[PDB]
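What follows is a short report on a single structure.
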Amino acid sequence: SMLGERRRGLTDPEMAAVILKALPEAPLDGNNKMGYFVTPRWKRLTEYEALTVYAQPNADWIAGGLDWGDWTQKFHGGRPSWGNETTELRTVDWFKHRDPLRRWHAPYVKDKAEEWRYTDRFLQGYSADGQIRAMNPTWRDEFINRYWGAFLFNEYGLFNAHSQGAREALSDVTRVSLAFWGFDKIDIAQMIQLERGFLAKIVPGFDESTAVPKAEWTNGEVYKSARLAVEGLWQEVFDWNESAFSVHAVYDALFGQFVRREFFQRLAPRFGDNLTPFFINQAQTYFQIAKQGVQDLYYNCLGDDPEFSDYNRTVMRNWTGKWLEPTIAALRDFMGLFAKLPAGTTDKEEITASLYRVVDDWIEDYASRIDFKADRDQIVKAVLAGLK
Amino acid sequence: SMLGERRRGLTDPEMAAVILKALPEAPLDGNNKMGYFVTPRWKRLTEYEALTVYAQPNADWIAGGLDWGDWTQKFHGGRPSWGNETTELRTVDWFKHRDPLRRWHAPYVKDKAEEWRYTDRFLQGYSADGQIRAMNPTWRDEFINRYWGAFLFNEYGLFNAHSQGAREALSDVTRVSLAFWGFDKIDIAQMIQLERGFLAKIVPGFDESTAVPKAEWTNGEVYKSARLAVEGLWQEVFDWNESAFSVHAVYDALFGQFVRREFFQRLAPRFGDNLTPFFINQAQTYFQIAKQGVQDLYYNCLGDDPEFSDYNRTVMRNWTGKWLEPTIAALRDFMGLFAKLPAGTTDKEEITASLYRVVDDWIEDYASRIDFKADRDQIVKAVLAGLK
Amino acid sequence: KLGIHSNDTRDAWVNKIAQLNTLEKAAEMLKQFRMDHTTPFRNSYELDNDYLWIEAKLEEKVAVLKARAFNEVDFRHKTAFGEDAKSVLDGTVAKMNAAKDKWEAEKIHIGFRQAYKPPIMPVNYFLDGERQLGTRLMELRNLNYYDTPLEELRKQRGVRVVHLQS
Amino acid sequence: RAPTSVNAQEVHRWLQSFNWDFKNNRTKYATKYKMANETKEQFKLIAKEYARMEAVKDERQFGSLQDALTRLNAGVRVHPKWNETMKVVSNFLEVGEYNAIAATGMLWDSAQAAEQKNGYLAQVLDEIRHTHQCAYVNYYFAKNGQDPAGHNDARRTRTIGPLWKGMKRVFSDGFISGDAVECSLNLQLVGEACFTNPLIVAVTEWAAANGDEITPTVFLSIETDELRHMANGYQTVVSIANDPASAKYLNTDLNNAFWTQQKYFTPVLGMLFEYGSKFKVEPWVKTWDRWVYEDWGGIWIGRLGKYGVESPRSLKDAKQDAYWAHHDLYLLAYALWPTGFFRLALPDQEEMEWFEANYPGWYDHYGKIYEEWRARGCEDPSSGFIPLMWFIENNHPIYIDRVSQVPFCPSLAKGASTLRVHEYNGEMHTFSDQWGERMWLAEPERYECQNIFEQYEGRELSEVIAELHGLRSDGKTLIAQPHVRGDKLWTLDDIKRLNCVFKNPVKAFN
Amino acid sequence: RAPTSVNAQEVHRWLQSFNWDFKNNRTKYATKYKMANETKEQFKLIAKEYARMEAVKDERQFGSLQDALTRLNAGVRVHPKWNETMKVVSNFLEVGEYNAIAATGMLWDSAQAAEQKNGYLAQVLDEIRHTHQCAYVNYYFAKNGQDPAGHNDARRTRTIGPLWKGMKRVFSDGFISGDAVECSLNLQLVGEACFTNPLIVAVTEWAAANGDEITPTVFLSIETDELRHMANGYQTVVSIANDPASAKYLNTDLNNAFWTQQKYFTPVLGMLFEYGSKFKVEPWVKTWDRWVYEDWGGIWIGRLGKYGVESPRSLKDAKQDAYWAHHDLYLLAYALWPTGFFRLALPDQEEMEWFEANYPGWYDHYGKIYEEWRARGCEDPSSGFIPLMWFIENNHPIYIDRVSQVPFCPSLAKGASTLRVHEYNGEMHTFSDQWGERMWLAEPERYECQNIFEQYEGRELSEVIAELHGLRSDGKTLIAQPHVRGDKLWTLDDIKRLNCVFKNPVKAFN
Ligand SMILES: [Ca+2]
Ligand SMILES: [Ca+2]
Ligand SMILES: [Ca+2]
Ligand SMILES: [Ca+2]
Ligand SMILES: [Fe+3]
Ligand SMILES: [Fe+3]
Ligand SMILES: [Fe+3]
Ligand SMILES: [Fe+3]
């Protein structure tokens with residue numbers, strides 16, 4: 001009917017009158033701030049912290065927990081739902097971390113949603129503007145379809161490396177950040193495929209199938225060590241912090257940043273490719289976003305922990321060395337790719353310049369943070385040994 | 001108080017009961033579709049059409065109007081508020097136009113808003129990723145600051161050419177499309193300045209003042225004929241359709257597309273500039289969006305009008321010939337810019353091929369639609385004379 | 001058939017318009033129509049309820065005929081009567097700037113519209129004319145706008161005062 | 001290498017320099033004034049930021065409408081009378097919003113300083129937003145309300161009635177036809193600053209009082225954009241203050257604009273508020289005095305004194321004529337109820353008491369009239385009676401002001417009873433006041449609007465209604481009604497039974 | 001050069017091929033099952049499209065909340081009892097949403113097929129959204145409601161009471177501790193399909209009936225995401241059905257999961273609905289039978305028969321224990337009211353009549369007890385009486401089930417009254433049913449959760465409350481109350497003067 005059969009207490013005269021009659025004269029407490037007991041990281045408490053901090057029901061035996069007692073149900077054997085035993089790092093409070101971008105679910109999906117629609121519009125304008133006409137065929141059919149495509153498996157593997165951390169994270173603030181770091185990685189993998197699919201629609205014989213790019217990743221030489229390093233960071237690491245730290249503060253900070261920015265991004269324009277850079281722009285914006293979160297957790301919180309600062313720095317310096325070697329090996333193999341480039345595309349002076357930018361940025365943003373004295377010249381040299 | 005003083009009929013028991021008692025048992029009419037009398041362009045009436053078509057109070061003496069009688073107040077002298085006398089074009093119905101993208105105000109600001117926030121994230125990621133390091137100093141300080149900068153005045157002039165149209169358009173659908181075409185042009189002009197302001201922040205010594213680009217626009221040679229054309233299109237044209245048609249279906253489709261896409265977007269990448277292409281990409285998307293609307297109004301609605309097709313095509317051919325000459329002059333002068341590039345940047349063959357792309361696209365998307373007999377080699381030949 | 005949007009008068013004129021097959025005859029009929037049926041100086045108010053619509057239909061015919069008869073340069077710069085539009089515009093503005101009072105000015109502006117409204121004069125020149133003629137007309141009309149008592153203003157306009165109440 | 005960006009203000013800092021000089025860089029519109037080339041604007045906006053701030057408002061607005069408000073059946077639980085009032089309030093406002101787009105496009109063309117052009121541009125975009133918002137209110141009530149007829153086709157059914165003509169004068173033609181500056185005064189300095197801004201807020205109060213939470217949601221959002229337009233109006237005056245022409249013409253254009261706007265809103269708003277509602281918020285008499293005399297005529301205008309702006313010379317006249325104006329008009333609107341696109345109701349017992357209490361003498365005049373019409377059976381379809389007949393039987397002709405289009409019945413009105421009839425070059429003209437009379441005498445060619453009696457002369461009523469689609473979806477029942485109840489709705493045949501034929505009242509004069 | 005793009009489906013078509021073979025490519029979690037590596041998912045989403053479809057929902061939701069609902073003072077015009085109920089409903093659900101994140105992360109790790117991992121991943125992100133949505137509900141009621149205490153600090157004040165322990169078992173630990181498949185059954189196959197999905201919709205119903213339009217706005221949005229989670233649970237079974245282990249373990253993990261979930265929700269949900277409201281929507285007895293027997297036990301489970309899934313062998317037992325379960329529990333919850341973070345009320349006259357009508361025998365047992373406590377002054381601070389005292393006086397020990405953590409009183413219960421007490425390696429254990437007893441006997445190390453009597457043993461009541469911050473802003477008045485009126489609120493001192501000291505009831509068997 002026009003009015004419906006259900007009566008609602010906010011609008012129904014009879015029911016509302018009863019409600020109004022039961023209401024107190026004024027609120028029974030003047031403290032109308034949810035999460036008022038949370039220690040703000042900034043001037044005043046933020047919506048991000050109020051809605052996130054302490055959502056995880058940890059008891060006091062897990063640094064920072066406000067609850068008490070053991071878990072109600074544990075794993076067969078006795079393993080606790082969540083416990084200090086799932087990671088080497090120690091802290092005075094697992095709820096200290098703060099995403100500098102203060103991302104809770106709403107802002108997160110709002111930003112990615114805008115990017116999706118912006119992306120849809122870009123592709124539509126790109127295709128209508130016939131800009132594909134300026135892209136080099138070789139670069140398109142060889143370096144974008146095969147090698148850029150193969151890199152999607154790298155990002156995908158790094159995404160999956162976050163699975164255990166999503167289950168084991170010891171606090172809400174750390175779980176949310178971790179989840180978002182991983183989600184952005186599979187997004188990039190999906191964007192790599194999206195571009196291959198776009199080309200398939202506007203370039204007659206172009207095949208979007210992942211067969212070619214997959215064979216390159218699984219049986220190629222360029223990404224052999226890269227794949228091995230990814231297979232390790234993901235399935236051989238059972239420590240959620242080692243996984244997150246080693247992926248973002250070691251491997252992706254070096255290999256990832258080189259392949260994305262120093263190779264495809266830097267060289268794409270020279271081949272009339274404004275398409276690939278559009279997506280790499282997103283991957284880089286994402287890398288930078290996740291970086292601020294990664295730095296705050298491992299350096300600002302754990303690295304500079306008022307009680308375990310020295311201990312954690314020792315563990316992270318340890319992991320750095322442990323994974324710097326497979327990462328170096330990953331770069332070396334990738335070097336072989338430069339030999340497949342058309343003569344004159346790039347030289348060794350450029351390769352060396354790009355390699356130093358990555359390593360230097362790494363030392364400036366990660367290495368120096370935990371006192372991991374690294375030799376820039378030794379690194380660039382070891383990687384450079386992979387060229388023709 | 002907790003409940004406040006103002007009582008609302010929707011929730012106040014006494015008032016709501018009074019309201020509910022006066023209500024009919026069901027709606028007094030089952031046709032709950034606003035704008036049900038509007039002829040749908042597509043399968044079903046769209047929200048875009050319902051909220052827009054017939055908002056303009058035109059009487060029947062202005063083709064397609066549903067009202068009757070003269071305006072209530074006219075200009076001193078007798079000029080009508082809106083009238084057939086403000087444009088040479090004729091039609092059986094001024095309300096036939098439909099923006100293929102169906103943009104009313106909400107969808108329009110939503111998309112531009114997404115683009116604004118995406119832009120901010122990009123600049124932050126670009127600056128944090130230090131990508132500026134790869135930009136050639138000469139291209140940055142000479143071609144971006146002076147020549148790309150000067151182009152903002154071109155787009156600003158085209159924006160202003162829409163002022164009279166905003167006032168004179170003979171229907172809601174055309175006024176809305178027209179307003180959005182103009183608004184996107186000033187947005188582009190502001191994005192050019194925004195880029196210069198951004199560079200001033202991340203590049204020591206870079207002056208964001210418009211003095212240089214403005215001196216180039218107003219007194220230089222490269223843009224001399226471009227400026228003469230813009231001044232004419234904007235201030236010497238008093239017919240709102242001649243303005244929109246000539247701007248979008250002649251001048252901007254030829255000169256605009258060449259400068260933005262064939263010069264700056266095509267060459268920026270060759271100098272380590274991923275910044276300018278970011279903004280040009282928005283300009284091109286906007287261009288392609290406007291094209292759809294421009295084509296619907298001038299070709300689908302007017303050029304193919306069941307009663308005035310022949311007449312309108314004759315007029316638009318007239319306008320095309322009128323403005324093609326000044327447009328060719330604008331391109332010819334712009335050819336002078338190529339001599340300032342570092343030797344080896346590009347050559348006569350690339351320049352010619354790119355001119356043909358712009359001319360061929362124009363013939364296909366615009367000229368052919370009204371049977372204008374454009375001679376592509378004669379047009380390119382006339383432009384190439386400007387090469388020094 | 002006496003409707004608001006459709007009626008015998010409108011039908012009769014549509015038939016009359018269908019028979020104007022040359023530019024000169026059609027343009028002349030349009031100018032005559034404007035003298036006979038438009039502005040407060042119109043020869044009669046007999047077509048008050050339909051003249052606006054009928055005028056638009058007559059305009060349509062003159063426009064299509066002019067586009068077919070004129071070469072491109074003339075379509076842009078000549079009036080339907082073959083006059084040089086710029087000359088007409090400049091000449092009329094000259095007269096306007098010489099007008100001694102608001103009474104002479106209104107006659108000039110109004111007459112210009114009745115004679116040259118598109119499709120007679122090209123839109124570009126016509127609206128440039130609106131810009132200049134309107135400015136002067138207002139400058140003269142709005143100076144000391146309330147100084148003249150209504151009793152006297154009625155005499156100046158030349159109305160016949162039929163009835164007054166207070 | 002730290003995250004940096006650029007904001008609107010940083011780009012806007014250079015916007016003034018965007019315009020350049022060239023011989024023909026000048027407005028295309030006739031004007032007695034010269035807007036200063038260095039005029040600045042109050043808000044430092046650019047396209048991108050403008051879109052963001054408006055997009056945020058839309059989110060909240062449409063979210064409320066599509067979700068909670070729809071779940072609460074907010075489109076239905078509104079008093080019948082108010083559902084009808086919104087058909088008129090929202091669609092009439094819509095045309096004002098729409099023409100304001102063209103008006104500011106014209107002002108954008110007039111301004112020579114880039115910042116001033118930019119200020120007008122923001123309004124161009126806002127008025128498009130407002131047009132779509134008002135459209136959405138009607139769209140929403142048609143889709144979810146108790147009576148869609150009218151809400152669903154006002155864009156064409158509004159053409160049947162006389163109230164629409166006057167609305168076009170103040171909200172359409174008044175906004176775009178004339179000296180750009182005169183248009184600015186009608187739109188911004190008078191229209192928005194004096195009437196629409198206050199009107200929009202007031203409507204949200206009356207709507208809430210009558211159970212309407214849809215209108216407050218949209219109108220309150222519309223209101224957030226008005227600050228920019230007020231500034232545009234203020235800057236218009238500033239931009240022309242240093243020009244000699246200003247001292248000669250400004251106050252005249254301002255007085256004409258004030259009388260123009262006021263002539264329509266004084267009677268119409270008070271009518272919509274008091275007669276188009278069940279629950280009353282405030283008596284129009286006090287509302288009008290505060291808006292026009294205190295807020296606008298005093299505060300707002302006073303601030304412009306430094307620029308040569310004076311209080312409209314016709315202000316006193318407006319006040320004297322204002323007291324009974326809306327009451328006088330409702331008598332005419334109800335008598336001509338078959339020509340509307342909404343349903344009207346006679347004041348109920350509780351309402352007559354409210355009217356008499358707030359306007360002593362109301363009952364002895366209007367009250368008794370309504371009681372008589374009720375007895376004559378004006379609410380019943382089988383009565384064969386329409387109030388218009390009463391005007392005929394008692395020799396009370398209804399005229400239409402040639403200038404403002406406002407209907408008036410000088411022989412019955414408690415307010416202004418002035419009538420001036422002139423014959424000029426074979427045409428008769430009727431005026432209701434001395435300001436509108438001067439306008440026509442001095443500018444005959446600006447005011448040739450034909451009235452409903454002139455257009456409908458010799459036409460039988462039911463034929464006009466049918467021709468202009470004044471029927472409900474059943475193709476027989478009239479959209480307009482003399483009562484707001486759900487039963488006994490008048491049909492086209494009931495109006496045809498009656499045999500009412502329009503005649504031009506001025507033809508009686510020799 | 002036609003405008004072209006690419007959608008989610010076109011990219012998702014190749015998602016399955018993203019995973020590649022290699023030695024250690026296997027789950028890191030102990031499990032008895034093998035999920036097929038060719039398992040597909042029902043929805044073809046990619047990260048970007050997922051964000052957009054959720055962003056659209058957020059827009060509506062937050063729009064309604066910040067605008068129309070706030071303007072209507074929706075946060076205040078809610079029945080006092082419901083304001084309190086939402087402190088429990090929203091925060092307790094929040095932890096379920098939160099642990100579900102970790103659970104699906106665990107399932108994402110278990111799944112080997114890229115599409116199955118993707119299905120779980122979508123839920124990982126959805127549960128994050130739900131965590132924040134539930135948080136926002138408490139946040140909103142804290143900011144705009146009649147009583148922020150509890151709404152503003154439930155995350156820590158919930159640790160004081162016994163009801164929270166059982167919530168953690170079904171909504172936290174049951175979701176993440178054990179075989180991945182057992183967790184999946186607790187979360188998706190049972191939890192979500194049988195209880196949470198229906199519960200969330202029902203809550204919007206009870207909320208609306210009690211004036212709460214805030215909860216419907218948020219919960220109805222949460223509800224639109226559940227279809228993907230239902231699919232995940234269903235596909236979990238499909239992915240292991242072809243494995244031998246399945247036939248040997250599935251029905252056992254399922255039965256244990258069913259008993260686990262129902263053990264808490266059967267009494268708790270009925271209690272929150274019937275006793276946490278003024279206006280009733282439907283008797284819990286009727287609801288339960290439909291949800292559990294009809295909808296889930298029949299239709300839902302029935303469709304999985306082809307995969308070897310059978311009805312939990314404990315179903316009939318669950319139905320037997322259900323009838324008086326919620327009624328028995330409220331007696332305990334009210335008796336221990338000082339340990340909560342919300343205010344409770346005794347049934348009024350209309351409610352008692354409703355309970356008796358729908359539950360014959362209710363009055364003679366529960367009714368008379370409540371009236372006895374009330375006449376004795378349980379609502380008055382100066383009475384010096386807390387119902388807990390009545391339990392001691394009449395020798396009615398309250399125990400905590402070692403497995404489910406659900407409080408039970410065998411000597412008074414109208415429902416189940418079985419009790420099993422065991423000693424093992426120096427520790428006493430109390431069980432309330434044969435299913436839970438088995439779980440503990442077979443898996444002693446999985447259940448060592450200390451109960452409130454064990455932790456608070458020897459402690460004086462006001463000390464526990466003070467220590468765990470069970471106070472309002474003034475630092476003296478208790479968050480929890482034995483009534484929902486605005487006057488005569490109990491203070492920490494009122495409790496301290498009672499000198500109530502906790503004892504471990506199990507020690508009486510020593
Ligand atoms: Ca030159
Ligand atoms: Ca060459
Ligand atoms: Ca040729
Ligand atoms: Ca006579
Ligand atoms: Fe507006
Ligand atoms: Fe406005
Ligand atoms: Fe959920
Ligand atoms: Fe779920």
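Quick note on labels: first sequence line is chain A, next is B, and so on, each numbered from 1.
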**Request:** Considering only NZ, NE, NH1 and NH2 on the basic side and carboxylate oxygens on the acidic side, decide whether B:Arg98 and B:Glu49 come within less than 4.0 Å.
**Result:** yes

**Asked** Between B:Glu114 and E:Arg52, is there a salt bridge with N-O shorter than 4.0 Å?
**Response** no

**Request:** Drop me the distance from D:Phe175's CZ to D:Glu192's CD, to the nearest 0.5 angstrom.
**Result:** 6.5 Å

**Message:** Testing the 3.5 Å rule here: is there a donor-acceptor pair between the side chains of D:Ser64 and D:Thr217?
**Reply:** no

**Complete:** Between B:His248 and the options B:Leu297, B:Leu158, B:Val294, the side-chain contact (heavy atoms from CB on, under 4.5 Å) test singles out B:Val294

**Request:** Indicate yes or no: does B:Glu115 engage A:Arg121 in a salt bridge with an N to O separation below 4.0 Å.
**Result:** yes

**Request:** Flag the pair D:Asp109 and B:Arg167 as a salt bridge only when some basic side-chain nitrogen lies within less than 4.0 angstrom of an acidic carboxylate oxygen.
**Result:** no

**Message:** Could you go through D:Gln123 and D:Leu107, starting from their C-alpha distance and side-chain angles, then the distance that decides it, and tell me whether this counts as side-chain contact (heavy atoms from CB on, under 4.5 Å)?
**Reply:** CA-CA 10 Å; D:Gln123 188 163 356; D:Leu107 287 167; 6.0 Å; no

**Prompt:** In terms of side-chain heavy atoms, does D:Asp126 have a donor or acceptor partner in D:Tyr50 at a distance below 3.5 Å?
**Reply:** yes

**Request:** In sequence, state the C-alpha distance, the side-chain angles, and the governing distance for D:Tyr136 and D:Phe62, and then conclude on ring-ring contact (aromatic ring centres under 6.0 Å, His included).
**Result:** CA-CA 10 Å; D:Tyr136 205 84; D:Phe62 293 118; 5.1 Å; yes

**Message:** Does any part of the side chain of D:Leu65, heavy atoms only, come nearer than 4.5 Å to the side chain of D:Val218, both counted from C-beta?
**Reply:** yes

**Item:** Geometric cation-pi criterion, B:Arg196 with D:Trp14: 6.0 Å, 45°
**Value:** no

**Asked** With side chains defined as the heavy atoms from C-beta onward, is the minimum distance between B:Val230 and B:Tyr251 less than 4.5 Å?
**Response** yes

**Request:** Classify the side-chain pair D:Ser5/B:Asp120 by whether it contains a donor and acceptor separated by less than 3.5 Å.
**Result:** yes

**Item:** Under-4.0 Å salt bridge between B:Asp252 and B:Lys185
**Value:** yes

**Request:** Compute whether any side-chain donor of one residue and acceptor of the other, for D:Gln133 and D:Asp58, lie under 3.5 angstrom apart.
**Result:** no

**Prompt:** Side-chain donor-acceptor pair under 3.5 Å between A:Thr276 and A:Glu195, yes or no?
**Reply:** yes

**Fill in**
Rounded to the nearest 0.5 angstrom, the CG-CD1 distance for D:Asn118 and B:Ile186 is 5.0 Å

**Asked** Taking the six-membered ring where the residue is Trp, are the ring centres of B:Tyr147 and B:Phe264 under 6.0 Å apart?
**Response** no

**Message:** Under 3.5 Å, is there a donor on one side chain and an acceptor on the other for D:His12 and D:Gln9?
**Reply:** no

**Message:** Do B:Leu199 and B:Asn145 make a side-chain contact, defined as non-hydrogen atoms from C-beta onward lying under 4.5 Å apart?
**Reply:** no

**Request:** Measure up the A:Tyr126 and A:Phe122 rings against each other and bin them: parallel (under 30°), tilted (30 to 60°), perpendicular (over 60°).
**Result:** tilted

**Message:** Is it true that B:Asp187 and B:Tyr286 share a donor-acceptor pair across their side chains at a distance under 3.5 Å?
**Reply:** yes

**Set of residues satisfying side-chain contact (heavy atoms from CB on, under 4.5 Å) with respect to D:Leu93, sequence neighbours excluded** = D:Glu97, D:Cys134, D:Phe171, D:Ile200, D:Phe219

**Prompt:** If you measure only the distance, is there a donor-acceptor pair under 3.5 Å linking the side chains of B:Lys214 and D:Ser17?
**Reply:** no

**Prompt:** Quick check: does any side chain N or O of B:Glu168 sit under 3.5 Å from a backbone N or O of B:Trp240, one acting as donor and the other as acceptor?
**Reply:** no

**Asked** Any side-chain donor paired with an acceptor under 3.5 Å for B:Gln265 and B:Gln284?
**Response** no

**Message:** Can you tell whether the side chains of D:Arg129 and D:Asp225 come within less than 4.0 Å, N to carboxylate O?
**Reply:** yes

**Prompt:** Is the closest side-chain donor-acceptor distance between B:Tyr156 and D:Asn19 under 3.5 Å?
**Reply:** no

**Message:** Distance alone, cut at 3.5 Å: any donor-acceptor contact between the side chains of D:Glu226 and D:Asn197?
**Reply:** no

**Message:** Between B:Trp362 and B:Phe258 (judged by ring centroids, cut-off 6.0 Å), do the two rings come close enough to count as a pair?
**Reply:** no

**Request:** Answer yes or no: is there a side-chain heavy-atom contact under 4.5 Å between B:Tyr48 and B:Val53?
**Result:** no

**Fill in**
The reported gap from NZ in D:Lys117 to OG in B:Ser163 (rounded to nearest 0.5 angstrom) is 5.5 Å

**Expected output: side-chain B:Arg175 to main-chain B:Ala169 donor-acceptor under 3.5 Å** = yes

**Request:** Any chance you could measure B:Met34, atom CE, to B:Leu45, atom CG, to the nearest 0.5 Å?
**Result:** 9.0 Å

**Message:** If you apply the rule side-chain contact (heavy atoms from CB on, under 4.5 Å), what do you find for D:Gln235 with D:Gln42, and how did you get there?
**Reply:** CA-CA 9 Å; D:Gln235 281 307 89; D:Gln42 184 178 318; 5.9 Å; no

**Item:** B:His162 and B:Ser243: side chain donor to acceptor below 3.5 Å
**Value:** no

**Asked** Rounded to the nearest 0.5 Å, how far does CG of A:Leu194 lie from NZ of E:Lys48?
**Response** 8.5 Å

**Request:** Mind running side-chain contact (heavy atoms from CB on, under 4.5 Å) on B:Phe95 and B:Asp172 for me, showing each step along the way?
**Result:** CA-CA 7 Å; B:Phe95 298 94; B:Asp172 30 66; 3.3 Å; yes

**Request:** Evaluate the salt bridge (charged side-chain N to carboxylate O under 4.0 Å, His left out) criterion for residues B:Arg103 and B:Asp111: first the C-alpha distance (whole Å), next the side-chain angles of each, then the deciding distance (0.1 Å), finally the verdict.
**Result:** CA-CA 10 Å; B:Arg103 302 171 302 160; B:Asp111 292 8; over 6 Å; no

**Asked** Any idea how B:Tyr118 and A:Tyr118 line up, ring-wise: parallel (<30°), tilted (30 to 60°), or perpendicular (>60°)?
**Response** parallel

**Request:** Start with the C-alpha distance between D:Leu121 and D:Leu125, add both sets of side-chain angles, then the distance that settles side-chain contact (heavy atoms from CB on, under 4.5 Å), and finish with yes or no.
**Result:** CA-CA 6 Å; D:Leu121 177 67; D:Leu125 272 288; 4.1 Å; yes

**Request:** Please round to the nearest 0.5 Å and tell me the distance separating atom NZ of A:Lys201 and atom OG1 of E:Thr4.
**Result:** 7.0 Å

**Prompt:** Should B:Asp296 and B:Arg41 count as an ion pair when the cut-off is N to O under 4.0 Å?
**Reply:** yes

**Between B:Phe159 and D:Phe18, ring centroids under 6.0 Å** = no

**Asked** Would B:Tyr108 and B:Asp184 count as having a side-chain donor-acceptor pair, cut-off 3.5 Å?
**Response** yes

**Message:** Whether the B:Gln288 and B:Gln292 side chains hold a donor-acceptor pair (N or O, under 3.5 Å, no angle test) is what I'd like checked.
**Reply:** no

**Request:** Could you tell me if the ring centre of A:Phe183 sits under 6.0 Å from that of A:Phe180?
**Result:** no

**Request:** Could you tell me whether the side chain of E:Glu49 and the main chain of E:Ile46 form a donor-acceptor pair under 3.5 Å?
**Result:** no

**Prompt:** Mind checking whether B:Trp148 and B:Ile192 have side chains closer than 4.5 Å, heavy atoms only?
**Reply:** yes

